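Student: First the structure, which I've put down as structure tokens, then a few questions once you've had a look.
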Amino acid sequence: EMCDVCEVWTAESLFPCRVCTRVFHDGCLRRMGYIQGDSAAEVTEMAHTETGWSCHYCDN
Ligand SMILES: [Zn+2]
Ligand SMILES: [Zn+2]
């Protein structure tokens with residue numbers, strides 16, 4: 001799970017997730033000009049403990 005915009009993982013709680021395929025810092029997408037609005041649930045993240053980690057490829 002290496003941010004295609006940074007390339008550095010940790011554990012704290014990266015986003016969106018890791019299972020998907022790639023990671024994107026909630027700030028990168030905004031710092032790059034990719035997304036421009038509420039493109040998620042912004043209700044909970046957690047890059048581990050079960051949860052509703054939604055993403056572009058997630059779907060779930
Ligand atoms: Zn990044
Ligand atoms: Zn995902």
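To be explicit about the labels: the chains of the structure tokens are called A, B, and onward in the order shown, and within each one the residues are counted from 1, while ligands get numbers from 1 in the order they are shown.
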Which residues come within 12 Å of segment 30-44 of chain A, counting only C-alpha atoms, excluding same-chain residues fewer than 2 positions away, as a list in words?
Tutor: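 In the requested form, the answer reads residues 4, 5, 6, 13, 14, 15, 16, 17, 24, 25, 26, 27, 28, 46, 47, 48, 49, 50, 51, 52, 53, 54, 55, 56, 58 and 59 of chain A.
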Student: Excluding residue 9 of chain A and residues on its chain fewer than 6 positions from it, collect all residues at most 10 Å away from it, counting only C-alpha atoms, and give them as a PyMOL selection string.
Tutor: chain A and resi 1-3+15+18+23
Student: Next, dump the selected residues to file, keeping only N, CA and C atoms, as a short mmCIF file (atom, residue, chain, number, x, y, z; two decimals), in the first residue's frame.
Tutor:
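Saved to out.cif:
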```
data_model
loop_
_atom_site.label_atom_id
_atom_site.label_comp_id
_atom_site.auth_asym_id
_atom_site.auth_seq_id
_atom_site.Cartn_x
_atom_site.Cartn_y
_atom_site.Cartn_z
N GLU A 1 0.83 -1.20 0.00
CA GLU A 1 0.00 0.00 0.00
C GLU A 1 0.87 1.26 0.00
N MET A 2 1.43 1.58 -1.16
CA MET A 2 2.28 2.76 -1.29
C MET A 2 1.59 3.83 -2.12
N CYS A 3 1.32 4.98 -1.50
CA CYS A 3 0.67 6.09 -2.18
C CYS A 3 1.36 6.40 -3.51
N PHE A 15 -5.05 5.75 3.78
CA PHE A 15 -6.32 5.83 3.07
C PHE A 15 -6.11 5.82 1.56
N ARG A 18 -6.01 -0.66 1.59
CA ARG A 18 -4.84 -1.39 1.10
C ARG A 18 -5.26 -2.61 0.29
N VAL A 23 -3.09 3.14 -2.84
CA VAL A 23 -3.47 4.06 -1.77
C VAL A 23 -3.35 5.51 -2.22
#
```
Student: So which residues of chain A fall under alpha helix (DSSP H) by DSSP, listed as an MDAnalysis selection string?
Tutor: chainID A and resid 28:32
Student: Which residue out of A:60, A:29, A:10, A:21 has the minimum interatomic distance to ligand 1 when only C-alpha atoms and all ligand atoms are used?
Tutor: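 Using only C-alpha atoms and all ligand atoms, ligand 1 sits closest to A:29.
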